[PDB]
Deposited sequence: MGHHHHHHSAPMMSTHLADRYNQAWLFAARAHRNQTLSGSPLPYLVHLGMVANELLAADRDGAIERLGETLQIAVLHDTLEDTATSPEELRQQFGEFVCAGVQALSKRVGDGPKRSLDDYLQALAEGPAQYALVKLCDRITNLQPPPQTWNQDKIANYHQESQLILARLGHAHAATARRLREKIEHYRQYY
């Protein structure tokens, strides 16, 4: 089926199995908590500026951490979701040799805008209140990194860029 919800379910079930028994950062809740919010950000973003290839991009949102933290291979993503989804997850993976942030963001900035948009949604989601065990320095550093993500990637989707900027501004209160 081409239906947006069927595409999400396929990716969502795959991600739930891949991230089985993985948790959040600074919480015992399932890592799935994170993916639900990123995917929902993406779908919400479409309402403020339509996205080309929305269904695949929503799958990328759901799947964006599979290569970096699960036993998922690129070949599985390609066979089950297509090359565009696979390339999106790869673009969003720093490590599947960890790429430096500058190279990582530059490749997202120069590639398909949908992939950069997923990163904006990822970072918006990660600018919830920091985990209880981060000190001021670590929270401050996360703010700095977020600023670079907005600078390099905000071009991808204006409404989401504005939302990321507001989340970045609001984040300064946590330190």
Worksheet, complete the sentence: Gaps vs the deposited sequence (1-based, no CA atoms) are 1 to 13, 110 to 112
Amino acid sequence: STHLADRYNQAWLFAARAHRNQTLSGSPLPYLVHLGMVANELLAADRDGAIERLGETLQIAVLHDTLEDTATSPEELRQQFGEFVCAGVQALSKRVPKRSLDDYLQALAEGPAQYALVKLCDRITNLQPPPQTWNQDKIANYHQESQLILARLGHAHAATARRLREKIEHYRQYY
From here on, numbers count along this sequence of modelled residues.
Discussion item. So, looking at the entry's B-factor column for Cα atoms, which has the higher mean, 53 to 61 or 129 to 137?
Written reply: 129 to 137
Practice prompt. Look up the CA B-factors in the entry and say which stretch, 20 to 28 or 149 to 157, has the higher mean.
Written response: 20 to 28
Worksheet item: Checking the entry, which one of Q106, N40, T70, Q144 has the top C-alpha B factor?
Response: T70
Worksheet, complete the sentence: Among the modelled residues of its chain, the C-alpha B-factor of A91 falls in the third labelled middle
